[PDB]
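A.B. asks: Got a structure here, written out as structure tokens. Questions coming.
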Amino acid sequence: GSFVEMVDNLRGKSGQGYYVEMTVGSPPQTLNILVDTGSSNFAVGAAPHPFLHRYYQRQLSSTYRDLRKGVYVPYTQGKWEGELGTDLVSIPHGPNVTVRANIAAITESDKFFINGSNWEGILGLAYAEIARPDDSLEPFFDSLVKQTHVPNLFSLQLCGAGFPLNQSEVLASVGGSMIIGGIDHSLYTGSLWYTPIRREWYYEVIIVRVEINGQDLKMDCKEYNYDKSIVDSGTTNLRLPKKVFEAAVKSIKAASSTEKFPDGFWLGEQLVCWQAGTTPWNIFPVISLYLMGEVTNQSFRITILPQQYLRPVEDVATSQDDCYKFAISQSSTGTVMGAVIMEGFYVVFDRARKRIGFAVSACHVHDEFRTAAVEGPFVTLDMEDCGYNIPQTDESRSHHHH
Ligand SMILES: NC1=N[C@@]2(c3cccc(-c4cncc(Cl)c4)c3)CCCC[C@H]2O1
Ligand code: NI
């Protein structure tokens, strides 16, 4: 029940993602790799870039094989492209195994790498369905499971910062654990509650109810999952569908109304500050997301604090003060349970049993009045289906799946 060698194997800078050290090639070349449950490609910088201190040198690897195939991956806010191949991959502070995995060698990118994030690649931990160029490119975790005896499960403890902050010139350092192949009981307290993975593509889940300070938002529950809800270590914020975001902000504004913040704050474009150590946490409400349980008609709630959704940023010009960014934001692609949610909890990606576990994280940030919580069961007599069915494009329909 112990996985000591994998504890504290994640690092990062606040808001710039959590990375794990990996080696690629023979002999092993060290790279820091973003841990991303919201994508499904293993892709690494493989050429010089202003924001890279180092990169994967295919030519230096005796075990590298070229797949003679390129890949082009555009996102909303950036893009990367490169050449597909395979090589030997290991996680030094992970299981004592080495696997031959697909690797996209990133040769050109725009707005993908981040200055000072200290990572050089991305480890997509989601399913084949959303891999590029297509679902025939086996993701890393699938290879790991197929080639080794590693159980088909991983778990994440993301630990946020962290006031008072160490530094004024750089962003706050963060830490965490990625436990590959099991569950480490020292990383959580209390009960572990499981929600079904609705479909294996993203880690998609269903939210059945939302409360802000114990007040039901009272929307049709399909609105909470429009057009999907996913658990995503590669997103910083809690992102909410437009209508849900508007209702949440209205509610949080109402609770915190003793303080009149500029509109820029609610848009996540401006910091708000209090004198060191005087932040009035109690005027900001807790937020509860009820997730579908394993049993029909059951749910459980995960409850986060303002300490999760107000992100600390130490401004140089006002290091006298504790300043915060509002880290709930609008989505047009459904709910994204990012680091804002995940930093509250130990999260178990139980692929073997098509479910996601949540328990209170032994490292979550709290005060003496309130804690992040995982609580259940809650039962509802006559349950609506809260899942949304994405309109089927002819594009998507025409695909064959041999
Ligand atoms: N899930 C997730 N991963 C990204 C991505 C790409 C590059 C950088 C990041 C990233 C940047 N800053 C902070 C984080 Cl946590 C991730 C994320 C790739 C897939 C779609 C958009 C992003 O959503
Ligand atoms: Ni066919």
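Don't overthink the numbers, they just go from 1 along the chain as shown.
Determination method: X-ray crystallography, 1.7 Å.
Using the three backbone atoms N, Cα and C, a Cβ is placed for every residue, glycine included.
Under the heading disulfide bond, Swiss-Prot lists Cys159-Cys363, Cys221-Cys386, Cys273-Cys323, citing experimental evidence as support. Sequence annotations record features per position, and here Swiss-Prot assigns domain 'Peptidase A1' to 18-359. Residues or ranges marked as N-linked glycosylation site in Swiss-Prot: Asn96, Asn115, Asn166, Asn297. The annotation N6-acetyllysine is assigned in Swiss-Prot to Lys69, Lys218, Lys222, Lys228, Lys242, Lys243, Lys250.
Summarising the annotation, the PDB entry assigns expression tag to 397-402.
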A.B. asks: Cβ under 8 Å to the expression tag (397-402), counting only same-chain residues 6 or more beyond its ends: which ones?
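C.D. replies: For the expression tag (397-402), the far contacts come to 135.
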A.B. asks: Once the chains shown are all counted, how many other Cβ atoms turn up within 10 Å of the Cβ of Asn115 (N-linked glycosylation site)?
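C.D. replies: Around the Cβ of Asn115 (N-linked glycosylation site), 7 other Cβ atoms lie within 10 Å.
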A.B. asks: Using C-alpha positions only, work out which of the recorded positions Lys242, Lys250, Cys363, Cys386 is nearest to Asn297 (N-linked glycosylation site).
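C.D. replies: Looking at Cα distances from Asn297 (N-linked glycosylation site), the smallest one goes to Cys386.
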A.B. asks: If you run through the expression tag (397-402) with DSSP, how many residues end up as helix, strand and coil?
C.D. replies: 2 helix, 0 strand, 4 coil
A.B. asks: Provide the three-state secondary structure of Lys69 (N6-acetyllysine) computed with DSSP.
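C.D. replies: SS state of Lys69 (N6-acetyllysine) = strand.
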A.B. asks: Can you see whether DSSP assigns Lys222 (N6-acetyllysine) to helix, strand or coil?
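C.D. replies: DSSP call for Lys222 (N6-acetyllysine): helix.
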A.B. asks: Which ones in the same chain are close to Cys273 (disulfide bond), with CB under 8 Å and 6+ residues apart in sequence?
C.D. replies: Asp315, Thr318, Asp321, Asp322, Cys323, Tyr324
A.B. asks: Please report the DSSP secondary structure of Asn166 (N-linked glycosylation site), reduced to three states.
C.D. replies: coil
A.B. asks: Where does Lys250 (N6-acetyllysine) sit in DSSP terms: helix, strand, or coil?
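C.D. replies: Note: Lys250 (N6-acetyllysine) is helical by DSSP.
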A.B. asks: Out of the recorded positions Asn96, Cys159, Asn166, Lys218, give me the one sitting nearest to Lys69 (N6-acetyllysine) by CA distance.
C.D. replies: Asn96
A.B. asks: Between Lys218 (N6-acetyllysine) and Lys228 (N6-acetyllysine), find the distance joining the two CA atoms and give it rounded to the nearest Å.
C.D. replies: 19
A.B. asks: Can you tell me the CA-to-CA distance separating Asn115 (N-linked glycosylation site) and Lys242 (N6-acetyllysine), as a whole number of Å?
C.D. replies: 30
A.B. asks: Fewest other C-beta atoms within 10 angstroms of its own C-beta: which of the glycosylation sites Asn96, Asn297 fits that?
C.D. replies: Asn96
